[PDB]
Amino acid sequence: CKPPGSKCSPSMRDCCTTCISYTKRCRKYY
């Protein structure tokens, strides 16, 4: 998974947390 702050794909949610569909970045922890 992609670490927080990474760039991601919105419908893949391939981040370790969540993928911000607006910013295309990986969500914070909380």
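Method of determination, as given in the entry header: solution NMR.

Let us look at the state of the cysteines. Here the structure, examined in full by the defined rule, presents three disulfides. There is a disulfide in this structure between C8 and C19, and the S-S distance comes to 2.0 Å. With the S-S bond torsion at 90 degrees, the cross-link from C8 to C19 turns out right-handed. One end of the pair, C8, is in the segment before β1 (19-20); the other, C19, is in strand β1, and 11 residues separate them in sequence. Summarising the burial analysis for this pair, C8 and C19 share the class buried. The disulfide partner of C15 is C26, and the gap between their sulfur atoms is 2.0 Å. Between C15 and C26, the disulfide has an S-S torsion of -70 degrees and is therefore left-handed. With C15 in the segment before β1 and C26 in strand β2 (residues 25-26), this pair connects stretches of sequence that are 11 residues apart. With respect to class, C15 is no different from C26; both count as buried. With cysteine numbering restricted to those in disulfides and following the sequence, the chain has the pairing 1-4, 2-5, 3-6.

Calculation rules
Residues numbered from 1 in each chain as written, not as in the entry; some residues may be left out. Heavy atoms only, no water. Disulfide = S-S within 2.5 Å. Helix = DSSP H or I, 4+ residues; strand = E, 2+ residues; numbered from the N terminus. Buried < 20%, exposed > 50% of the residue type's maximum accessible area, 1.4 Å probe, protein only.

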